[PDB]
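For reference, the chain that follows is the form deposited in one PDB entry, supplied as structure tokens.
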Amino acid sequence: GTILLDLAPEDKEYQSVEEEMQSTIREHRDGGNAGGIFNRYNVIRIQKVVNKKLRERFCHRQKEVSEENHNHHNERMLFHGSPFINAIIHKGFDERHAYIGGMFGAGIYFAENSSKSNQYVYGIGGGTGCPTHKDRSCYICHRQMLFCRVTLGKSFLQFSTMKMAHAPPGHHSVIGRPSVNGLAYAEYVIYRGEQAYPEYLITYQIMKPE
């Protein structure tokens, strides 16, 4: 099944993942309600997720999308937060567990800003926060998020809600782009689980500003 490989803090691969996570934190329009209030994370550990069957399914679909899209699979490294990340690292991404209430319908959603995915680590809108203290801004409990390879192929660009069950005809993903009277941060949506691989598992705490 799945094996987790510990990355060393002195390794450039660990450093690259932490820097993308830290540098993409943003202030969210909800006043921190969903993910808490913070300007930096304390990274506890970063692990590489290794799984032969999951990697084969992801690579097979990536070759298929590349062939359909002028040899451009358009893979992007994106964050994903979910209360079910344990099932994702062992069984892979699955469109059968889509975010039904998402702005683009029943897809699997990713963000280029780590703090946007942090709003979903404890559920939609942050749920009831950490299991132990029921605090969406808990500074004690260790959180987990994924930094994923996501095959986008030909993306359908949108600025506002457009609910759908599957990708638009001729396309492989939907991108919600930021705009003045619209989204603050981008969101990326796929409708097939084999279009994402949970490359890195990050364990962290949000830090209290001071």
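For clarity, a rigid core is taken as the largest C-alpha set superposing within 1.5 Å between two forms. Note that residue numbering follows the sequence shown and begins at 1.
Beyond the structure shown, there is the form deposited in another entry, which is absent from this document and is the topic of what follows.
- Only one entry in 167, 54, 49, 150 has its C-alpha moved by 2 angstroms or more between the shown form and the other one when the rigid core is superposed, and that entry is 167.
- After superposing the rigid core, the Cα of residue 100 is displaced by 2 Å or more between the shown form and the other one.
- Relative to this form, the distance between the C-alpha atoms of residue 118 and residue 100 is reduced by at least 3 angstroms in that other deposited form.
- Relative to the shown form, the Cα atoms of residue 62 and residue 162 move apart by 3 Å or more in that other deposited form.
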